[PDB]
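Asker: My questions will all concern the structure given below.
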Amino acid sequence: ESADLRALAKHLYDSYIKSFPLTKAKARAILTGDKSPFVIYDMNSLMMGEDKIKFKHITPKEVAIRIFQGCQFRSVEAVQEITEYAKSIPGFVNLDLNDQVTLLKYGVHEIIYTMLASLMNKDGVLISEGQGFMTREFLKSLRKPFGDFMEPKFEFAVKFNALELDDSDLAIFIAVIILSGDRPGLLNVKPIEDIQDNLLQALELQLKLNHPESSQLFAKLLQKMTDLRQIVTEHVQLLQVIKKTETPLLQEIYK
Amino acid sequence: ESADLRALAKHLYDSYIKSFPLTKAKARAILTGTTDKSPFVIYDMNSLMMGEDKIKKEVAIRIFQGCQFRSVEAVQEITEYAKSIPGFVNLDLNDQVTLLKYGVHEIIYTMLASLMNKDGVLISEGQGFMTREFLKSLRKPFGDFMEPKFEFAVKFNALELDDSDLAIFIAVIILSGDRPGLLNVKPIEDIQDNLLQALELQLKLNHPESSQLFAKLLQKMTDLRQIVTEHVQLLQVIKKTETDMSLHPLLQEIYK
Ligand SMILES: CCN(CC)c1ccc2c(N(C)CCOc3ccc(C[C@@H]4SC(=O)NC4=O)cc3)cc(=O)oc2c1
C-alpha cells in the first residue's frame, strides 16, 4: 500500500529533522542569501574566525593539520547523529547487535559525504553549524597532501546537488545506504535486505510524487552510490598516506 | 508508453543474440550437464596438457595471454552490439570511443559471470571448463587474477538474469554519462534514461516476484568498477615482474 510507504517516508523525514540540526533547507538559505556566515578565504580570515567562532576542536600545530583534525572532530560528531537516526528506521534495532554495529561502521562515511553535499556549492562548504563558510580555493591551496582532501567531495557534491534532492528525499536515501546487505561480516543478511527493499519502495514513491518530471531520478540516485563508494575508497587511501606525513586519548577518540 | 519500451527491449535482445555467439542460456545448458555439449575439464597441469590437445611458454602466461585474446574478441562483439543501440552511432565520435573505452571491461566481467559457477569457467565457446581451484593455484602474481571475477559472478548470478535482461543492462553500461572526458554528456543521458525505463519495465514483467531487482542490479555497477580497478593494479605488477610478456595493443589502448 502507498499509505504504508508514505507513513515510512514521513517517519524518516521527522527523524532526520530531529537527528540533523543543519538541514539542507537551512544550509541552502545560508549559501545563497540576512546574517551572512563568517567567510574563511585565506590564513588571516581563518586566524580571525577562530577568535570570532568558538571552535570546539582547538587545543593549546600547522594550519593544514588543525583544519584536517577539525574535519575528523565533525565526522565523529556526525557518526553520533547518524547512529541515533538509524535507531528510528523500522526494523533496525531488532537486527542482530553485531550487524547493527557492522552496517553503522561501513555506512557512516557514505552518509557523511552525502550530507556534506547539502552544505557545499562549487565555491565552498558550511562549517560549525553554518556559522562559517570555508572557500574551496583556500582548501585547495593547503600543503600536499592536504591540498585536495576536499576536492573529491566538492566534485561529488556539485554533481549530487544537480539532482536537487530535498531533505524528505535524503531521509529515505540515507536509510537505504545504512541497510546494505553487501557489508562484510554480516551474520543475517535477509532481514537487512527486507528492510532495504521497503526503504527502496518508499524512496521510489517519494521521488515519483516529489519530482514527477525528473525522469528515472530513482535510477540516477542509485547510480550515485557508485560515486559514494569511490569517494570513500580514495578517502581511506588519503588517510593511509597521512600515516606517512603525521610525524594519545585524542588518537583513540578518532582511531 | 510500455509499447515503445517493449519494442526497444526486443530490438536490444535481437542484436544481443546477433552479436554474442555464446549466450547465458547456452552456457547454463553446458554447465548443468545432455550428451551433445559436455565440456572437457581442466583441473590440473596433466588435464591442461590433455585439453590443449582436444579443444585447441609457461602455463600461467599461456592462460593470461588466452584471457587477453578472448577480451579482444569480446571487445569486437561489444563494439558491434554498441552500434545497434539507438542513438549510439549519432553521438560525437570522440564520445563513442570514450563510451567503449570505459564500458568494455564492465561488460566483459558482466558477461563472463554468465560462463561461471562457484567451481569454474567455460572457455573456448563452451568446449572447455577450467576449475576455480586450478586458476587459484597459479604462481604469483596470476594466482588471484580470476578470484575477484569469480566472487563477483557468484553474487551477480544469484539475481538469475536471463539474456533478455542482460541485453538492456549492458546497453545501460555503455551509455554512461559520467565517463571521464565526455564532450556531450546530455545526449548520452537521454539515451540512458530511455534504456533505464526499458530495463525497469523488462525486470518487472520478466521477474514479477523479485522485489526491487532494478535497484539491486544498478548497485552491481559498483562491484564492476572494483573488478576493473583491482585488475589495472594487477596489470602494473605483471608489467614489472614479466618484462618478457606481450600485451595486445588493443587492451593497452583501452587501459591508457
Ligand atoms: C592456450 C590458452 N588457454 C588454455 C591455457 C586458455 C585459457 C583460458 C581461456 C579463457 N578463460 C580462462 C576465461 C578467463 O576469462 C577472462 C579473464 C580475464 C579477462 C580480461 C582480460 S585479461 C587482461 O589482462 N585484460 C583483459 O581484458 C577476460 C576473460 C577463455 C577462453 O575463451 O579461452 C581461454 C583459453
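In the C-alpha cells, chains take the letters A, B, ... in the order shown, each chain's residues start at 1, and ligands count up from 1 in the order shown.
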Neighbouring residues of ligand 1 are defined here as those with any atom at most 9 Å from a ligand atom, counting only C-alpha atoms and all ligand atoms; list them as a PDB file with N, CA and C atoms, in the first residue's frame.
Answerer:
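Saved result, part.pdb, follows:
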ATOM      1  N   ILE B  42      39.561 -28.948 -17.252  1.00  0.00           N
ATOM      2  CA  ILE B  42      40.959 -28.664 -16.856  1.00  0.00           C
ATOM      3  C   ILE B  42      40.942 -28.349 -15.369  1.00  0.00           C
ATOM      4  N   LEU B  48      45.418 -30.116 -18.207  1.00  0.00           N
ATOM      5  CA  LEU B  48      45.676 -28.942 -19.086  1.00  0.00           C
ATOM      6  C   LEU B  48      46.357 -29.422 -20.373  1.00  0.00           C
ATOM      7  N   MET B  49      47.504 -30.091 -20.259  1.00  0.00           N
ATOM      8  CA  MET B  49      48.213 -30.662 -21.439  1.00  0.00           C
ATOM      9  C   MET B  49      47.216 -31.444 -22.330  1.00  0.00           C
ATOM     10  N   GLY B  51      43.862 -31.229 -22.511  1.00  0.00           N
ATOM     11  CA  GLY B  51      42.805 -30.346 -23.039  1.00  0.00           C
ATOM     12  C   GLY B  51      43.320 -29.527 -24.202  1.00  0.00           C
ATOM     13  N   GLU B  52      44.543 -28.988 -24.057  1.00  0.00           N
ATOM     14  CA  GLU B  52      45.288 -28.231 -25.108  1.00  0.00           C
ATOM     15  C   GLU B  52      45.334 -29.080 -26.395  1.00  0.00           C
ATOM     16  N   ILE B  55      40.728 -29.519 -27.341  1.00  0.00           N
ATOM     17  CA  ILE B  55      39.998 -28.221 -27.528  1.00  0.00           C
ATOM     18  C   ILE B  55      40.636 -27.438 -28.688  1.00  0.00           C
ATOM     19  N   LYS B  56      41.883 -26.978 -28.507  1.00  0.00           N
ATOM     20  CA  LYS B  56      42.588 -26.011 -29.403  1.00  0.00           C
ATOM     21  C   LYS B  56      41.782 -24.696 -29.547  1.00  0.00           C
ATOM     22  N   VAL B  59      52.536 -22.058 -18.224  1.00  0.00           N
ATOM     23  CA  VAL B  59      51.052 -22.188 -18.204  1.00  0.00           C
ATOM     24  C   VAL B  59      50.428 -20.876 -17.727  1.00  0.00           C
ATOM     25  N   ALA B  60      50.933 -20.250 -16.669  1.00  0.00           N
ATOM     26  CA  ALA B  60      50.319 -19.019 -16.123  1.00  0.00           C
ATOM     27  C   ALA B  60      50.234 -17.978 -17.248  1.00  0.00           C
ATOM     28  N   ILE B  61      51.295 -17.848 -18.041  1.00  0.00           N
ATOM     29  CA  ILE B  61      51.443 -16.823 -19.111  1.00  0.00           C
ATOM     30  C   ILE B  61      50.498 -17.209 -20.249  1.00  0.00           C
ATOM     31  N   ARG B  62      50.455 -18.507 -20.585  1.00  0.00           N
ATOM     32  CA  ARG B  62      49.643 -19.031 -21.716  1.00  0.00           C
ATOM     33  C   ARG B  62      48.186 -18.736 -21.392  1.00  0.00           C
ATOM     34  N   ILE B  63      47.797 -18.902 -20.140  1.00  0.00           N
ATOM     35  CA  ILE B  63      46.378 -18.672 -19.772  1.00  0.00           C
ATOM     36  C   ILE B  63      46.079 -17.177 -19.876  1.00  0.00           C
ATOM     37  N   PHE B  64      46.978 -16.367 -19.332  1.00  0.00           N
ATOM     38  CA  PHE B  64      46.766 -14.912 -19.195  1.00  0.00           C
ATOM     39  C   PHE B  64      46.640 -14.318 -20.600  1.00  0.00           C
ATOM     40  N   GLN B  65      47.550 -14.706 -21.491  1.00  0.00           N
ATOM     41  CA  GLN B  65      47.523 -14.359 -22.928  1.00  0.00           C
ATOM     42  C   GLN B  65      46.179 -14.829 -23.507  1.00  0.00           C
ATOM     43  N   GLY B  66      45.738 -16.053 -23.186  1.00  0.00           N
ATOM     44  CA  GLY B  66      44.441 -16.563 -23.651  1.00  0.00           C
ATOM     45  C   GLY B  66      43.301 -15.645 -23.226  1.00  0.00           C
ATOM     46  N   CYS B  67      43.194 -15.291 -21.936  1.00  0.00           N
ATOM     47  CA  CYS B  67      42.168 -14.307 -21.465  1.00  0.00           C
ATOM     48  C   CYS B  67      42.210 -13.011 -22.259  1.00  0.00           C
ATOM     49  N   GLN B  68      43.419 -12.516 -22.570  1.00  0.00           N
ATOM     50  CA  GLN B  68      43.650 -11.297 -23.382  1.00  0.00           C
ATOM     51  C   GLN B  68      43.077 -11.441 -24.783  1.00  0.00           C
ATOM     52  N   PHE B  69      43.443 -12.488 -25.551  1.00  0.00           N
ATOM     53  CA  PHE B  69      42.930 -12.727 -26.938  1.00  0.00           C
ATOM     54  C   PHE B  69      41.407 -12.803 -26.810  1.00  0.00           C
ATOM     55  N   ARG B  70      40.898 -13.396 -25.717  1.00  0.00           N
ATOM     56  CA  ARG B  70      39.435 -13.564 -25.518  1.00  0.00           C
ATOM     57  C   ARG B  70      38.805 -12.175 -25.216  1.00  0.00           C
ATOM     58  N   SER B  71      39.483 -11.273 -24.500  1.00  0.00           N
ATOM     59  CA  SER B  71      38.914  -9.911 -24.272  1.00  0.00           C
ATOM     60  C   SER B  71      38.834  -9.165 -25.602  1.00  0.00           C
ATOM     61  N   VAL B  72      39.836  -9.377 -26.436  1.00  0.00           N
ATOM     62  CA  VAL B  72      39.996  -8.641 -27.725  1.00  0.00           C
ATOM     63  C   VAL B  72      38.840  -9.021 -28.659  1.00  0.00           C
ATOM     64  N   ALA B  74      36.020 -10.148 -27.502  1.00  0.00           N
ATOM     65  CA  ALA B  74      34.789  -9.713 -26.815  1.00  0.00           C
ATOM     66  C   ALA B  74      34.550  -8.226 -27.087  1.00  0.00           C
ATOM     67  N   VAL B  75      35.633  -7.459 -27.127  1.00  0.00           N
ATOM     68  CA  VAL B  75      35.612  -6.010 -27.470  1.00  0.00           C
ATOM     69  C   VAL B  75      34.971  -5.865 -28.843  1.00  0.00           C
ATOM     70  N   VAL B 104      33.704  -1.358 -21.750  1.00  0.00           N
ATOM     71  CA  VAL B 104      34.006  -2.662 -22.369  1.00  0.00           C
ATOM     72  C   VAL B 104      34.357  -3.656 -21.245  1.00  0.00           C
ATOM     73  N   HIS B 105      35.186  -3.286 -20.304  1.00  0.00           N
ATOM     74  CA  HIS B 105      35.607  -4.201 -19.236  1.00  0.00           C
ATOM     75  C   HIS B 105      34.433  -4.406 -18.294  1.00  0.00           C
ATOM     76  N   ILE B 108      32.583  -7.030 -20.074  1.00  0.00           N
ATOM     77  CA  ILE B 108      33.312  -8.323 -20.171  1.00  0.00           C
ATOM     78  C   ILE B 108      33.066  -9.096 -18.866  1.00  0.00           C
ATOM     79  N   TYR B 109      33.243  -8.478 -17.704  1.00  0.00           N
ATOM     80  CA  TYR B 109      33.051  -9.181 -16.417  1.00  0.00           C
ATOM     81  C   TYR B 109      31.559  -9.474 -16.222  1.00  0.00           C
ATOM     82  N   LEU B 112      31.072 -12.511 -18.505  1.00  0.00           N
ATOM     83  CA  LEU B 112      31.918 -13.643 -18.062  1.00  0.00           C
ATOM     84  C   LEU B 112      31.225 -14.390 -16.923  1.00  0.00           C
ATOM     85  N   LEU B 115      29.221 -17.369 -17.842  1.00  0.00           N
ATOM     86  CA  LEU B 115      30.005 -18.587 -18.137  1.00  0.00           C
ATOM     87  C   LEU B 115      30.537 -19.229 -16.837  1.00  0.00           C
ATOM     88  N   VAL B 121      34.906 -21.915 -14.894  1.00  0.00           N
ATOM     89  CA  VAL B 121      34.556 -21.017 -16.033  1.00  0.00           C
ATOM     90  C   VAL B 121      34.552 -21.849 -17.333  1.00  0.00           C
ATOM     91  N   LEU B 122      33.523 -21.690 -18.164  1.00  0.00           N
ATOM     92  CA  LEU B 122      33.525 -22.100 -19.601  1.00  0.00           C
ATOM     93  C   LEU B 122      34.594 -21.294 -20.357  1.00  0.00           C
ATOM     94  N   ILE B 123      35.359 -21.932 -21.237  1.00  0.00           N
ATOM     95  CA  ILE B 123      36.419 -21.394 -22.137  1.00  0.00           C
ATOM     96  C   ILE B 123      36.222 -22.010 -23.523  1.00  0.00           C
ATOM     97  N   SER B 124      36.857 -21.438 -24.543  1.00  0.00           N
ATOM     98  CA  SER B 124      36.682 -21.762 -25.987  1.00  0.00           C
ATOM     99  C   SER B 124      35.225 -22.083 -26.307  1.00  0.00           C
ATOM    100  N   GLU B 125      34.382 -21.070 -26.200  1.00  0.00           N
ATOM    101  CA  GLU B 125      32.971 -21.195 -26.656  1.00  0.00           C
ATOM    102  C   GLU B 125      32.326 -22.434 -25.996  1.00  0.00           C
ATOM    103  N   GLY B 126      32.642 -22.769 -24.745  1.00  0.00           N
ATOM    104  CA  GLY B 126      31.946 -23.859 -24.028  1.00  0.00           C
ATOM    105  C   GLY B 126      32.557 -25.246 -24.258  1.00  0.00           C
ATOM    106  N   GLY B 128      35.449 -26.186 -23.265  1.00  0.00           N
ATOM    107  CA  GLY B 128      36.330 -26.436 -22.116  1.00  0.00           C
ATOM    108  C   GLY B 128      35.749 -25.821 -20.864  1.00  0.00           C
ATOM    109  N   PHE B 129      36.141 -26.307 -19.685  1.00  0.00           N
ATOM    110  CA  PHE B 129      35.751 -25.757 -18.360  1.00  0.00           C
ATOM    111  C   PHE B 129      36.991 -25.837 -17.499  1.00  0.00           C
ATOM    112  N   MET B 130      37.400 -24.710 -16.954  1.00  0.00           N
ATOM    113  CA  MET B 130      38.668 -24.558 -16.202  1.00  0.00           C
ATOM    114  C   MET B 130      38.305 -24.194 -14.763  1.00  0.00           C
ATOM    115  N   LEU B 135      43.035 -22.314 -11.405  1.00  0.00           N
ATOM    116  CA  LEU B 135      43.315 -20.875 -11.686  1.00  0.00           C
ATOM    117  C   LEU B 135      43.807 -20.187 -10.416  1.00  0.00           C
ATOM    118  N   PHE B 145      44.344 -13.698 -10.076  1.00  0.00           N
ATOM    119  CA  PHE B 145      43.885 -12.910 -11.244  1.00  0.00           C
ATOM    120  C   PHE B 145      42.363 -13.097 -11.383  1.00  0.00           C
ATOM    121  N   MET B 146      41.864 -14.325 -11.238  1.00  0.00           N
ATOM    122  CA  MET B 146      40.470 -14.704 -11.583  1.00  0.00           C
ATOM    123  C   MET B 146      39.530 -14.675 -10.374  1.00  0.00           C
ATOM    124  N   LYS B 149      36.663 -11.932 -10.021  1.00  0.00           N
ATOM    125  CA  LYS B 149      35.629 -12.131 -11.061  1.00  0.00           C
ATOM    126  C   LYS B 149      34.721 -13.253 -10.590  1.00  0.00           C
ATOM    127  N   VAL B 228      37.441  -3.876 -12.231  1.00  0.00           N
ATOM    128  CA  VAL B 228      38.286  -3.182 -13.264  1.00  0.00           C
ATOM    129  C   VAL B 228      39.526  -2.585 -12.577  1.00  0.00           C
ATOM    130  N   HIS B 231      42.100  -4.982 -11.318  1.00  0.00           N
ATOM    131  CA  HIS B 231      42.740  -5.645 -12.481  1.00  0.00           C
ATOM    132  C   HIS B 231      43.889  -4.779 -12.996  1.00  0.00           C
ATOM    133  N   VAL B 232      43.663  -3.468 -13.081  1.00  0.00           N
ATOM    134  CA  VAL B 232      44.669  -2.465 -13.539  1.00  0.00           C
ATOM    135  C   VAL B 232      45.831  -2.474 -12.552  1.00  0.00           C
ATOM    136  N   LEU B 234      46.662  -5.032 -10.820  1.00  0.00           N
ATOM    137  CA  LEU B 234      47.327  -6.346 -11.042  1.00  0.00           C
ATOM    138  C   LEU B 234      48.184  -6.294 -12.318  1.00  0.00           C
ATOM    139  N   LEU B 235      47.751  -5.540 -13.329  1.00  0.00           N
ATOM    140  CA  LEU B 235      48.485  -5.409 -14.620  1.00  0.00           C
ATOM    141  C   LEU B 235      49.801  -4.667 -14.359  1.00  0.00           C
ATOM    142  N   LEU B 247      51.650  -7.572 -24.572  1.00  0.00           N
ATOM    143  CA  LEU B 247      50.310  -7.050 -24.241  1.00  0.00           C
ATOM    144  C   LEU B 247      49.682  -6.637 -25.554  1.00  0.00           C
ATOM    145  N   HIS B 248      48.429  -7.056 -25.767  1.00  0.00           N
ATOM    146  CA  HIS B 248      47.696  -6.876 -27.040  1.00  0.00           C
ATOM    147  C   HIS B 248      47.477  -5.376 -27.153  1.00  0.00           C
ATOM    148  N   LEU B 251      44.247  -3.796 -25.939  1.00  0.00           N
ATOM    149  CA  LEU B 251      43.868  -3.666 -24.496  1.00  0.00           C
ATOM    150  C   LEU B 251      44.741  -2.595 -23.865  1.00  0.00           C
ATOM    151  N   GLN B 252      45.997  -2.524 -24.278  1.00  0.00           N
ATOM    152  CA  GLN B 252      46.914  -1.423 -23.908  1.00  0.00           C
ATOM    153  C   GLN B 252      46.289  -0.052 -24.168  1.00  0.00           C
ATOM    154  N   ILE B 254      43.052   0.445 -24.457  1.00  0.00           N
ATOM    155  CA  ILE B 254      41.881   0.589 -23.553  1.00  0.00           C
ATOM    156  C   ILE B 254      42.365   0.973 -22.146  1.00  0.00           C
ATOM    157  N   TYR B 255      43.487   0.440 -21.666  1.00  0.00           N
ATOM    158  CA  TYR B 255      43.985   0.670 -20.277  1.00  0.00           C
ATOM    159  C   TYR B 255      44.625   2.065 -20.102  1.00  0.00           C
TER     160      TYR B 255
END
Asker: Would you mind listing, as number ranges by chain, all residues of chain A that have at least one atom within 7 Å of chain B, where only C-alpha atoms are what counts?
Answerer: A: 197, 215-216, 222-223, 226
Asker: Extract, using only C-alpha atoms, all DNA, RNA and protein residues at most 12 Å from residue 1 of chain B, discarding same-chain residues fewer than 4 positions from it, and format them as a list in words.
Answerer: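 Neighbouring residues, sequence-local ones excluded: residues 5, 6, 7, 8, 194, 197, 198 and 201 of chain B.
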Asker: Write a file of the selected residues as a CSV table (one decimal), in the first residue's frame, keeping C-alpha atoms.
Answerer:
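The new file selection05.csv reads:
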chain,number,residue,atom,x,y,z
B,5,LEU,CA,9.9,0.2,-24.1
B,6,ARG,CA,8.9,-3.4,-25.1
B,7,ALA,CA,9.9,-2.7,-28.7
B,8,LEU,CA,13.3,-1.3,-27.5
B,194,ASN,CA,15.2,5.6,-22.1
B,197,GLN,CA,12.9,3.0,-18.4
B,198,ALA,CA,13.2,-0.1,-20.7
B,201,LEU,CA,9.7,-2.5,-17.4
Asker: Show me, as a PDB file with N, CA, C and O atoms, in the first residue's frame, the residues that have an atom within 6 Å of segment 4-17 of chain A when counting only C-alpha atoms, minus same-chain residues fewer than 3 positions from it.
Answerer:
ATOM      1  N   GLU A   1       0.865  -1.218   0.000  1.00  0.00           N
ATOM      2  CA  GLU A   1       0.000   0.000   0.000  1.00  0.00           C
ATOM      3  C   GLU A   1       0.890   1.253   0.000  1.00  0.00           C
ATOM      4  O   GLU A   1       1.928   1.267   0.702  1.00  0.00           O
ATOM      5  N   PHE A  20      19.434  15.660  12.722  1.00  0.00           N
ATOM      6  CA  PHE A  20      20.374  16.516  11.954  1.00  0.00           C
ATOM      7  C   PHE A  20      19.976  17.976  12.097  1.00  0.00           C
ATOM      8  O   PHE A  20      19.049  18.437  11.449  1.00  0.00           O
ATOM      9  N   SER A 168      13.450  15.580   2.641  1.00  0.00           N
ATOM     10  CA  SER A 168      12.498  14.447   2.700  1.00  0.00           C
ATOM     11  C   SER A 168      12.943  13.330   1.730  1.00  0.00           C
ATOM     12  O   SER A 168      12.624  12.204   1.987  1.00  0.00           O
ATOM     13  N   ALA A 171      16.368  11.803   3.580  1.00  0.00           N
ATOM     14  CA  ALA A 171      15.983  10.990   4.749  1.00  0.00           C
ATOM     15  C   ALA A 171      15.927   9.530   4.316  1.00  0.00           C
ATOM     16  O   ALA A 171      16.712   8.708   4.852  1.00  0.00           O
ATOM     17  N   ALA A 202       9.702   2.897  -0.698  1.00  0.00           N
ATOM     18  CA  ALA A 202       9.358   4.263  -0.238  1.00  0.00           C
ATOM     19  C   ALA A 202      10.181   5.308  -0.999  1.00  0.00           C
ATOM     20  O   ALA A 202       9.649   6.390  -1.296  1.00  0.00           O
TER      21      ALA A 202
END
Asker: Excluding residue 89 of chain B and any residue of its chain fewer than 6 positions from it, enumerate the residues within 12 Å of it, using only C-alpha atoms, and give them as a list in words.
Answerer: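 The residues that qualify are residues 79, 80, 81, 82, 83, 95, 96, 97, 99, 100, 175, 187, 188 and 191 of chain B.
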Asker: Give me the residues near residue 145 of chain A as a list in words, where near means some atom within 10 Å (using only C-alpha atoms) and where sequence neighbours in that chain fewer than 2 positions away do not count.
Answerer: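 In the requested form, the answer reads residues 64, 142, 143, 147, 148, 149, 238, 241, 242 and 245 of chain A.
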